[PDB]
């Protein structure tokens, strides 16, 4: 099964923001860092600048269109490389779907905290998050209509992380 690239080398269509502007954004999306690189490509900067409160970052899989990831849930992963400005950074991480017929939630999120899957250091670490740990929650969430990867506030504390090569993979055939 083909990889589903979320971030590679350029700005990602989506929406990022916050109540007071604590989250750093440009054109309502995450900044791409060209000074901090990894594997000869730019990185994606998630940076909350002050304390305050809510923030959210949506990164589309296919420009807001739904993407069928149902064949990917069994054994698939969410893979990316990450490093922090100091270490031990934590935030909510997950996925959002869209189902117009589902009256109790046109869009449902399935989320976890990133510290469950990786302790962030000032060094690059490759982390894999199994889709079965999120996309099986009895939420009404539909893995065949996934629009976005989601980052959101867990704590009010300011941090900065960098992402590299964000992708959905499945070693299934």
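Positions refer to the first chain, counted from 1.
Undergrad: What does the record say about the segment between residue 52 and residue 53: how many deposited residues are without coordinates (none, 1 to 3, 4 to 9, 10 or more)?
TA: Missing residues, residue 52 to residue 53: 1 to 3.
Undergrad: If you average the CA temperature factors over each stretch, which comes out higher, 56-64 or 124-132?
TA: Higher mean C-alpha B-factor: 124-132.
Undergrad: For the stretches 7-15 and 154-162, which has the higher mean C-alpha B-factor as given in the deposited record?
TA: That would be 154-162.
Undergrad: Name the residue from 29, 37, 144, 147 with the greatest C-alpha temperature factor listed in the entry.
TA: The C-alpha B-factor peaks, among 29, 37, 144, 147, at 37.
Undergrad: Sorting the chain's CA B-factors, does residue 46 end up in the lowest, middle or highest third?
TA: Its C-alpha B-factor belongs to the middle third of this chain's values.
Undergrad: Could you place residue 113 in the lowest, middle or highest third of its chain by Cα temperature factor, using the values in the record?
TA: Middle third, going by the recorded CA B-factors of the chain.
Undergrad: Based on the deposited C-alpha B factors for this chain, I'd like to know if residue 97 is in the lowest, middle or highest third.
TA: CA B-factor rank for residue 97: lowest third.
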